[PDB]
Amino acid sequence: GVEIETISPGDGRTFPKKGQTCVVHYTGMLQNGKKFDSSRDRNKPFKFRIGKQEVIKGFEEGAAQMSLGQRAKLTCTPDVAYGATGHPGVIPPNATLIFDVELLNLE
């Protein structure tokens, strides 16, 4: 499940398609916990394409529901990213993930 909470401004019509590399200023957040990842620190805003299963399932489906300029807020379920396995040292198992996502993309 992907729960979108959009901070309003954008256009609402430029949607990502297949094979389009898009740019996201993501910012990860643990529920009742601190941060774990952000693109604002590296300032390398993560040019990734759509439709190759590169990103996790909670982040891929939310990018298809956003548009250019929009600033949403993800709520990623554990069963799609790390709930059974868990990343070693960073994400424990059964973890609900929160992301500050703005789509200022290309292509």
# chains A, B, ... in the order shown; residues from 1 in each chain; ligands from 1
call {"tool": "select_by_dssp", "arguments": {"residues": "chain A", "states": "alpha helix (DSSP H)", "output": "PDB file with N, CA and C atoms, in the first residue's frame"}}
result
ATOM      1  N   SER A  39      18.511  12.725  -0.132  1.00  0.00           N
ATOM      2  CA  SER A  39      19.270  13.215  -1.272  1.00  0.00           C
ATOM      3  C   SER A  39      19.709  14.661  -1.104  1.00  0.00           C
ATOM      4  N   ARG A  40      19.208  15.352  -0.077  1.00  0.00           N
ATOM      5  CA  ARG A  40      19.590  16.740   0.151  1.00  0.00           C
ATOM      6  C   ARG A  40      21.025  16.852   0.643  1.00  0.00           C
ATOM      7  N   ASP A  41      21.518  15.830   1.342  1.00  0.00           N
ATOM      8  CA  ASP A  41      22.889  15.857   1.838  1.00  0.00           C
ATOM      9  C   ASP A  41      23.884  15.664   0.703  1.00  0.00           C
ATOM     10  N   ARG A  42      23.656  14.651  -0.134  1.00  0.00           N
ATOM     11  CA  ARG A  42      24.582  14.371  -1.223  1.00  0.00           C
ATOM     12  C   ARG A  42      24.434  15.372  -2.359  1.00  0.00           C
ATOM     13  N   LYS A  57       9.096  -1.201  -4.070  1.00  0.00           N
ATOM     14  CA  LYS A  57       7.732  -1.173  -4.586  1.00  0.00           C
ATOM     15  C   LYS A  57       6.914  -0.047  -3.972  1.00  0.00           C
ATOM     16  N   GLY A  58       7.219   0.340  -2.732  1.00  0.00           N
ATOM     17  CA  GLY A  58       6.508   1.446  -2.118  1.00  0.00           C
ATOM     18  C   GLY A  58       6.862   2.789  -2.722  1.00  0.00           C
ATOM     19  N   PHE A  59       8.054   2.900  -3.304  1.00  0.00           N
ATOM     20  CA  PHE A  59       8.503   4.143  -3.915  1.00  0.00           C
ATOM     21  C   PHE A  59       8.207   4.207  -5.407  1.00  0.00           C
ATOM     22  N   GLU A  60       8.097   3.057  -6.075  1.00  0.00           N
ATOM     23  CA  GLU A  60       7.843   3.050  -7.511  1.00  0.00           C
ATOM     24  C   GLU A  60       6.403   3.426  -7.832  1.00  0.00           C
ATOM     25  N   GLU A  61       5.445   2.894  -7.068  1.00  0.00           N
ATOM     26  CA  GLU A  61       4.038   3.151  -7.355  1.00  0.00           C
ATOM     27  C   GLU A  61       3.635   4.573  -6.991  1.00  0.00           C
ATOM     28  N   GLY A  62       4.286   5.164  -5.989  1.00  0.00           N
ATOM     29  CA  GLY A  62       3.987   6.539  -5.633  1.00  0.00           C
ATOM     30  C   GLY A  62       4.493   7.540  -6.651  1.00  0.00           C
ATOM     31  N   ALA A  63       5.575   7.201  -7.357  1.00  0.00           N
ATOM     32  CA  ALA A  63       6.108   8.099  -8.375  1.00  0.00           C
ATOM     33  C   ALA A  63       5.214   8.151  -9.605  1.00  0.00           C
ATOM     34  N   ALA A  64       4.475   7.075  -9.878  1.00  0.00           N
ATOM     35  CA  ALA A  64       3.539   7.070 -10.993  1.00  0.00           C
ATOM     36  C   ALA A  64       2.286   7.882 -10.704  1.00  0.00           C
ATOM     37  N   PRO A  78       5.376  -2.391   5.286  1.00  0.00           N
ATOM     38  CA  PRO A  78       6.552  -3.260   5.450  1.00  0.00           C
ATOM     39  C   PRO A  78       6.656  -4.374   4.419  1.00  0.00           C
ATOM     40  N   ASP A  79       5.534  -4.949   3.977  1.00  0.00           N
ATOM     41  CA  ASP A  79       5.569  -6.140   3.134  1.00  0.00           C
ATOM     42  C   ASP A  79       6.079  -5.883   1.718  1.00  0.00           C
ATOM     43  N   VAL A  80       6.210  -4.626   1.298  1.00  0.00           N
ATOM     44  CA  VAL A  80       6.686  -4.341  -0.048  1.00  0.00           C
ATOM     45  C   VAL A  80       8.172  -4.004  -0.099  1.00  0.00           C
ATOM     46  N   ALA A  81       8.773  -3.564   1.009  1.00  0.00           N
ATOM     47  CA  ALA A  81      10.179  -3.172   0.981  1.00  0.00           C
ATOM     48  C   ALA A  81      11.070  -4.013   1.887  1.00  0.00           C
TER      49      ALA A  81
END
call {"tool": "select_by_dssp", "arguments": {"residues": "chain A", "states": "strand (DSSP E or B)", "output": "PyMOL selection string"}}
result
chain A and resi 2+7+22-24+27-30+38+47-48+71-76+97-103
call {"tool": "closest_residue", "arguments": {"among": "A:87, A:18, A:34, A:13", "to": "residue 50 in chain A", "atoms": "only C-alpha atoms"}}
result
A:18
call {"tool": "atom_distance", "arguments": {"atom1": "CA of residue 52 in chain A", "atom2": "CA of residue 7 in chain A"}}
result
27.4 Å
